[PDB]
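Novice: Below is entry_7.txt; it holds compact mmCIF, C-alpha atoms.
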```
# COMPACT_ATOMS: atom_id res chain seq x y z
CA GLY A 1 8.95 -21.18 -27.29
CA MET A 2 6.58 -18.16 -27.66
CA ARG A 3 5.23 -17.06 -31.00
CA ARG A 4 4.07 -13.42 -30.47
CA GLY A 5 1.32 -11.73 -32.47
CA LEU A 6 -0.05 -8.25 -32.84
CA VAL A 7 -3.65 -7.29 -33.75
CA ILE A 8 -4.13 -3.60 -34.66
CA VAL A 9 -7.78 -2.75 -33.99
CA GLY A 10 -9.73 0.08 -35.71
CA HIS A 11 -13.38 1.23 -35.83
CA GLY A 12 -16.18 0.82 -38.36
CA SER A 13 -14.98 3.28 -41.03
CA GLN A 14 -15.11 1.78 -44.47
CA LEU A 15 -13.38 4.70 -46.10
CA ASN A 16 -10.87 3.17 -48.46
CA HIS A 17 -7.95 5.32 -47.31
CA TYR A 18 -8.70 4.20 -43.63
CA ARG A 19 -8.35 0.63 -44.68
CA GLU A 20 -5.16 1.49 -46.60
CA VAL A 21 -3.59 3.29 -43.59
CA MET A 22 -4.35 0.26 -41.29
CA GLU A 23 -2.75 -2.00 -43.84
CA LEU A 24 0.28 0.38 -44.20
CA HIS A 25 1.01 -0.01 -40.43
CA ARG A 26 0.32 -3.70 -40.49
CA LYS A 27 2.75 -4.21 -43.38
CA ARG A 28 5.45 -2.00 -41.92
CA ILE A 29 5.27 -3.92 -38.65
CA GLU A 30 5.18 -7.35 -40.40
CA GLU A 31 8.29 -6.42 -42.35
CA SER A 32 10.10 -5.33 -39.27
CA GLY A 33 10.02 -8.76 -37.77
CA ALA A 34 9.05 -7.33 -34.39
CA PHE A 35 6.25 -10.01 -34.17
CA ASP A 36 5.63 -13.45 -35.61
CA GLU A 37 2.18 -12.40 -37.03
CA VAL A 38 0.52 -9.02 -37.49
CA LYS A 39 -3.18 -8.65 -38.35
CA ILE A 40 -5.78 -5.90 -38.56
CA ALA A 41 -9.26 -6.17 -37.11
CA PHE A 42 -12.24 -3.92 -36.52
CA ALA A 43 -14.25 -3.49 -33.28
CA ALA A 44 -17.50 -2.94 -35.17
CA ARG A 45 -20.46 -5.01 -36.24
CA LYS A 46 -20.60 -6.01 -39.87
CA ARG A 47 -16.91 -5.46 -40.39
CA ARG A 48 -14.36 -8.25 -40.84
CA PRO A 49 -12.43 -9.55 -39.22
CA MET A 50 -13.62 -8.61 -35.77
CA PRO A 51 -10.85 -8.99 -32.99
CA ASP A 52 -12.28 -12.30 -31.74
CA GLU A 53 -12.27 -13.72 -35.31
CA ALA A 54 -8.67 -12.50 -35.85
CA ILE A 55 -7.38 -14.00 -32.60
CA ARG A 56 -9.07 -17.33 -33.29
CA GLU A 57 -7.32 -17.52 -36.69
CA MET A 58 -3.85 -16.70 -35.17
CA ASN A 59 -1.72 -19.57 -33.81
CA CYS A 60 0.44 -17.39 -31.58
CA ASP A 61 0.96 -18.13 -27.91
CA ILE A 62 0.68 -14.49 -26.86
CA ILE A 63 -1.20 -11.79 -28.80
CA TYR A 64 -1.03 -8.07 -28.13
CA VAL A 65 -4.09 -6.09 -29.20
CA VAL A 66 -3.43 -2.41 -29.87
CA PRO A 67 -6.42 0.01 -30.34
CA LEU A 68 -5.49 2.42 -33.21
CA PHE A 69 -7.46 5.16 -31.49
CA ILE A 70 -6.83 8.71 -30.48
CA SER A 71 -9.06 8.63 -27.45
CA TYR A 72 -10.85 6.27 -25.08
CA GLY A 73 -14.05 6.04 -27.04
CA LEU A 74 -16.70 3.38 -26.61
CA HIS A 75 -14.94 1.16 -29.13
CA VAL A 76 -11.96 0.92 -26.75
CA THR A 77 -13.66 0.83 -23.29
CA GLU A 78 -16.72 -1.26 -24.30
CA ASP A 79 -16.80 -2.86 -27.74
CA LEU A 80 -13.31 -4.27 -28.09
CA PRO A 81 -13.28 -5.86 -24.55
CA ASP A 82 -16.88 -7.19 -25.00
CA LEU A 83 -15.83 -8.87 -28.23
CA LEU A 84 -12.86 -10.54 -26.51
CA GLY A 85 -14.63 -11.29 -23.22
CA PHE A 86 -12.42 -8.94 -21.33
CA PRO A 87 -13.32 -6.31 -18.61
CA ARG A 88 -14.62 -2.98 -19.85
CA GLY A 89 -12.92 0.32 -19.09
CA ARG A 90 -9.47 1.86 -19.56
CA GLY A 91 -5.94 0.55 -19.19
CA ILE A 92 -3.84 -2.51 -20.02
CA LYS A 93 -5.74 -5.79 -19.69
CA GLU A 94 -4.15 -9.22 -19.46
CA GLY A 95 -6.22 -12.36 -19.96
CA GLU A 96 -6.84 -15.34 -22.21
CA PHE A 97 -8.86 -16.10 -25.25
CA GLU A 98 -9.37 -19.75 -26.10
CA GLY A 99 -6.22 -20.66 -24.29
CA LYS A 100 -4.11 -17.94 -25.89
CA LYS A 101 -2.55 -15.25 -23.71
CA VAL A 102 -3.99 -11.88 -24.85
CA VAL A 103 -3.00 -8.40 -23.64
CA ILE A 104 -5.23 -5.54 -24.66
CA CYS A 105 -2.95 -2.48 -24.71
CA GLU A 106 -3.92 1.23 -24.34
CA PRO A 107 -4.98 3.28 -27.32
CA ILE A 108 -2.13 5.21 -29.00
CA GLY A 109 -3.53 8.79 -28.66
CA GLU A 110 -1.58 10.01 -25.57
CA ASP A 111 1.78 8.66 -26.74
CA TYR A 112 4.62 11.12 -27.24
CA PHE A 113 4.90 9.57 -30.66
CA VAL A 114 1.48 11.07 -31.57
CA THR A 115 2.86 14.47 -30.39
CA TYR A 116 5.80 13.91 -32.68
CA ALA A 117 3.53 12.84 -35.57
CA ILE A 118 1.84 16.19 -35.17
CA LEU A 119 5.20 18.01 -35.27
CA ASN A 120 6.34 15.90 -38.25
CA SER A 121 3.26 16.90 -40.26
CA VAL A 122 4.90 20.35 -40.12
CA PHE A 123 8.58 19.34 -40.28
CA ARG A 124 8.19 16.46 -42.80
CA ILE A 125 11.47 14.81 -41.80
CA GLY A 126 11.73 11.40 -43.56
CA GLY B 1 10.52 38.69 -38.09
CA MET B 2 8.12 35.68 -38.34
CA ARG B 3 5.94 34.59 -35.47
CA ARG B 4 4.94 30.95 -36.29
CA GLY B 5 1.76 29.27 -35.07
CA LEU B 6 0.32 25.81 -35.07
CA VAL B 7 -3.40 24.86 -35.12
CA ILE B 8 -4.11 21.17 -34.36
CA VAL B 9 -7.46 20.34 -35.96
CA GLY B 10 -9.81 17.52 -34.81
CA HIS B 11 -13.37 16.39 -35.63
CA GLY B 12 -16.73 16.81 -33.91
CA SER B 13 -16.27 14.35 -31.03
CA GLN B 14 -17.28 15.85 -27.74
CA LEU B 15 -16.05 12.93 -25.72
CA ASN B 16 -14.22 14.45 -22.78
CA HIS B 17 -11.11 12.28 -23.14
CA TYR B 18 -10.89 13.41 -26.89
CA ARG B 19 -10.80 16.97 -25.78
CA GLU B 20 -8.22 16.10 -23.10
CA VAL B 21 -5.93 14.29 -25.60
CA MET B 22 -6.06 17.32 -28.02
CA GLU B 23 -5.16 19.57 -25.14
CA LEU B 24 -2.34 17.18 -24.01
CA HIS B 25 -0.66 17.56 -27.46
CA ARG B 26 -1.32 21.26 -27.58
CA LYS B 27 0.28 21.76 -24.16
CA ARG B 28 3.26 19.54 -24.87
CA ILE B 29 3.94 21.45 -28.08
CA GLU B 30 3.41 24.88 -26.41
CA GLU B 31 5.91 23.95 -23.72
CA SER B 32 8.44 22.84 -26.22
CA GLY B 33 8.78 26.27 -27.69
CA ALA B 34 8.71 24.85 -31.22
CA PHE B 35 6.07 27.54 -32.15
CA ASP B 36 5.12 30.98 -30.92
CA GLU B 37 1.42 29.95 -30.43
CA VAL B 38 -0.33 26.57 -30.43
CA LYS B 39 -4.13 26.22 -30.55
CA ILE B 40 -6.71 23.49 -31.03
CA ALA B 41 -9.69 23.77 -33.33
CA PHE B 42 -12.42 21.53 -34.67
CA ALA B 43 -13.53 21.11 -38.32
CA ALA B 44 -17.16 20.58 -37.33
CA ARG B 45 -20.28 22.66 -37.07
CA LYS B 46 -21.36 23.66 -33.59
CA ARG B 47 -17.93 23.10 -32.13
CA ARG B 48 -15.57 25.87 -31.04
CA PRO B 49 -13.28 27.16 -32.11
CA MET B 50 -13.54 26.23 -35.75
CA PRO B 51 -10.14 26.59 -37.71
CA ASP B 52 -11.19 29.91 -39.29
CA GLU B 53 -12.09 31.34 -35.84
CA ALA B 54 -8.76 30.10 -34.39
CA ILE B 55 -6.67 31.59 -37.20
CA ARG B 56 -8.47 34.92 -36.96
CA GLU B 57 -7.65 35.11 -33.22
CA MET B 58 -3.91 34.28 -33.79
CA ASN B 59 -1.49 37.13 -34.56
CA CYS B 60 1.17 34.94 -36.15
CA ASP B 61 2.62 35.67 -39.56
CA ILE B 62 2.61 32.04 -40.65
CA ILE B 63 0.27 29.34 -39.27
CA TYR B 64 0.59 25.62 -39.87
CA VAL B 65 -2.65 23.66 -39.62
CA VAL B 66 -2.19 19.98 -38.81
CA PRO B 67 -5.22 17.57 -39.13
CA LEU B 68 -5.08 15.16 -36.12
CA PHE B 69 -6.54 12.42 -38.30
CA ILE B 70 -5.69 8.87 -39.11
CA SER B 71 -7.06 8.96 -42.62
CA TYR B 72 -8.16 11.33 -45.37
CA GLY B 73 -11.77 11.58 -44.30
CA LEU B 74 -14.20 14.25 -45.40
CA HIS B 75 -13.14 16.46 -42.51
CA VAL B 76 -9.64 16.68 -44.04
CA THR B 77 -10.39 16.79 -47.82
CA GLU B 78 -13.60 18.89 -47.63
CA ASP B 79 -14.56 20.49 -44.33
CA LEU B 80 -11.27 21.88 -43.09
CA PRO B 81 -10.32 23.47 -46.49
CA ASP B 82 -13.91 24.81 -47.00
CA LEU B 83 -13.73 26.50 -43.60
CA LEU B 84 -10.40 28.15 -44.49
CA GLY B 85 -11.25 28.91 -48.13
CA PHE B 86 -8.64 26.55 -49.38
CA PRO B 87 -8.81 23.92 -52.24
CA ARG B 88 -10.40 20.60 -51.39
CA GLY B 89 -8.58 17.28 -51.68
CA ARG B 90 -5.38 15.73 -50.34
CA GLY B 91 -1.87 17.02 -49.78
CA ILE B 92 -0.05 20.08 -48.43
CA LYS B 93 -1.78 23.36 -49.24
CA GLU B 94 -0.17 26.79 -49.05
CA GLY B 95 -2.28 29.93 -49.10
CA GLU B 96 -3.45 32.92 -47.08
CA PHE B 97 -6.18 33.69 -44.67
CA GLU B 98 -6.87 37.35 -43.98
CA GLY B 99 -3.36 38.24 -44.92
CA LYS B 100 -1.75 35.51 -42.83
CA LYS B 101 0.31 32.81 -44.52
CA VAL B 102 -1.40 29.45 -43.80
CA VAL B 103 -0.15 25.97 -44.71
CA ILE B 104 -2.57 23.11 -44.31
CA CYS B 105 -0.40 20.04 -43.67
CA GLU B 106 -1.26 16.34 -44.28
CA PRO B 107 -3.06 14.29 -41.68
CA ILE B 108 -0.76 12.35 -39.32
CA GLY B 109 -2.03 8.78 -40.01
CA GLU B 110 0.64 7.55 -42.49
CA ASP B 111 3.59 8.88 -40.49
CA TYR B 112 6.19 6.41 -39.28
CA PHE B 113 5.59 7.96 -35.90
CA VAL B 114 2.04 6.48 -35.91
CA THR B 115 3.67 3.07 -36.69
CA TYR B 116 5.91 3.62 -33.72
CA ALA B 117 2.98 4.70 -31.51
CA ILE B 118 1.43 1.35 -32.34
CA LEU B 119 4.64 -0.48 -31.37
CA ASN B 120 4.98 1.63 -28.20
CA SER B 121 1.48 0.65 -27.06
CA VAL B 122 3.08 -2.81 -26.77
CA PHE B 123 6.60 -1.82 -25.66
CA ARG B 124 5.59 1.06 -23.33
CA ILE B 125 9.03 2.70 -23.44
CA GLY B 126 8.84 6.10 -21.67
```
How does the structure come out when it is put into structure tokens?
Specialist:
Amino acid sequence: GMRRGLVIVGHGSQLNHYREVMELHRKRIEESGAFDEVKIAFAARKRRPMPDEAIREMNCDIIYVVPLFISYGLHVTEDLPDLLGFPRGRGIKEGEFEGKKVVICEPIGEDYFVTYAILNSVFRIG
Amino acid sequence: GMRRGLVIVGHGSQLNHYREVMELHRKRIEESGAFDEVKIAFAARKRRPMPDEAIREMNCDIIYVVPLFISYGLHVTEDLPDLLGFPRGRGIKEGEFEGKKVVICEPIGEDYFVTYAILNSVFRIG
């Protein structure tokens, strides 16, 4: 019967446009219907919600956690897994949090879609 | 007769995987043939090359400068234009540097391709 959620995870920036860009993706994805619930969270102290707080609040059966990061920085290999009780390091990680299935995905930076975002900053199609 | 170049501009991170991701995009784009010359540069003191140094070295007639940034941080609205002698703030900027036509493009963060990079971290197509 699986309800599927997505948590998009950023860093500690409190620049207003950073928050607005995270929300822009979250809203676009929510509207798409690709998932049952889409939330943003931050892998940083004194920011809210943190990824553990966001997953606790979500009633989905399986939750994918995507690091909105260009590179494998310490937020991705250490902080985000520590906060969720998951193994440190790189790669996809499957596990549980409070009975919920959770899959921590890879950061987005090496995707061909980031290569194409770079080209589209020039081409401006769409 | 225009030779066209691309400079992909990052921040001051010296994490090795950050450098490797910038090179990954640079190489993919070079191989594509989309431009005559593709270089990386960094909008940060004590990093090399800076965007002014990279544009001086390039013999292209027109050079597009793409900020590999999620948001309009100070690197994008202040540092990168200061280094090139261009107006501060947001948006596309057309101008010259040492006789070369230079267009500073918008950061990549709001592109639909970043939305799709986020989905593809889940879907892993390709």
Novice: At most 10 Å is the cut-off: for each residue in chain B with any atom that close to an atom of chain A, write down the nearest atom pair and the distance in Å rounded to one decimal, counting only C-alpha atoms, chain first then increasing number, as CSV.
Specialist:
```
residue,atom,partner,partner_atom,distance
B:6,CA,A:122,CA,8.7
B:8,CA,A:118,CA,7.8
B:13,CA,A:73,CA,9.5
B:15,CA,A:73,CA,7.3
B:16,CA,A:71,CA,9.1
B:17,CA,A:71,CA,6.0
B:18,CA,A:71,CA,5.1
B:19,CA,A:71,CA,8.7
B:20,CA,A:71,CA,8.7
B:21,CA,A:110,CA,6.1
B:22,CA,A:110,CA,8.9
B:24,CA,A:110,CA,7.4
B:25,CA,A:115,CA,5.5
B:26,CA,A:115,CA,8.5
B:27,CA,A:115,CA,9.9
B:28,CA,A:115,CA,7.5
B:29,CA,A:115,CA,7.4
B:34,CA,A:119,CA,8.7
B:64,CA,A:122,CA,6.8
B:65,CA,A:122,CA,8.3
B:66,CA,A:121,CA,6.4
B:67,CA,A:118,CA,8.2
B:68,CA,A:118,CA,7.1
B:69,CA,A:70,CA,8.7
B:70,CA,A:18,CA,7.2
B:71,CA,A:18,CA,5.1
B:72,CA,A:17,CA,6.3
B:73,CA,A:15,CA,7.3
B:74,CA,A:15,CA,9.6
B:92,CA,A:121,CA,9.4
B:103,CA,A:122,CA,8.8
B:104,CA,A:122,CA,9.0
B:105,CA,A:121,CA,5.9
B:106,CA,A:121,CA,6.1
B:107,CA,A:121,CA,7.0
B:108,CA,A:117,CA,5.7
B:109,CA,A:21,CA,6.7
B:110,CA,A:21,CA,6.1
B:111,CA,A:117,CA,6.3
B:112,CA,A:117,CA,7.9
B:113,CA,A:117,CA,5.3
B:114,CA,A:114,CA,6.3
B:115,CA,A:25,CA,5.5
B:116,CA,A:113,CA,6.8
B:117,CA,A:113,CA,5.3
B:118,CA,A:108,CA,6.2
B:119,CA,A:29,CA,8.1
B:120,CA,A:111,CA,7.9
B:121,CA,A:105,CA,5.9
B:122,CA,A:105,CA,6.4
B:123,CA,A:105,CA,9.6
B:124,CA,A:111,CA,9.2
B:125,CA,A:111,CA,9.9
B:126,CA,A:112,CA,8.6
```
Novice: Just the residues within 8 Å of residue 62 of chain B, please, counting only C-alpha atoms, with nothing from its chain fewer than 3 positions along; format it as number ranges by chain.
Specialist: B: 2-5, 100-103
Novice: What would the file look like if the residues just selected were written as a PDB file, keeping the file's coordinate frame with C-alpha atoms?
Specialist:
```pdb
ATOM      1  CA  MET B   2       8.120  35.680 -38.340  1.00  0.00           C
ATOM      2  CA  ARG B   3       5.940  34.590 -35.470  1.00  0.00           C
ATOM      3  CA  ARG B   4       4.940  30.950 -36.290  1.00  0.00           C
ATOM      4  CA  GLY B   5       1.760  29.270 -35.070  1.00  0.00           C
ATOM      5  CA  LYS B 100      -1.750  35.510 -42.830  1.00  0.00           C
ATOM      6  CA  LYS B 101       0.310  32.810 -44.520  1.00  0.00           C
ATOM      7  CA  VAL B 102      -1.400  29.450 -43.800  1.00  0.00           C
ATOM      8  CA  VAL B 103      -0.150  25.970 -44.710  1.00  0.00           C
TER       9      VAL B 103
END
```
Novice: So what do you get for atom CA of residue 41 of chain B versus atom CA of residue 9 of chain B, distance-wise?
Specialist: 4.9 Å
Novice: Do you have the atom CA of residue 59 of chain A-atom CA of residue 84 of chain A distance handy?
Specialist: 16.1 Å
Novice: Which value, in Å to one decimal, gives the distance between atom CA of residue 78 of chain B and atom CA of residue 39 of chain B?
Specialist: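 The value is 20.9 Å.
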Novice: From the options B:30, B:37, B:79, B:96, which residue's atoms come nearest to residue 10 of chain B, counting all atoms listed in the file?
Specialist: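 Looking only at the distances to residue 10 of chain B, the closest residue turns out to be B:79.
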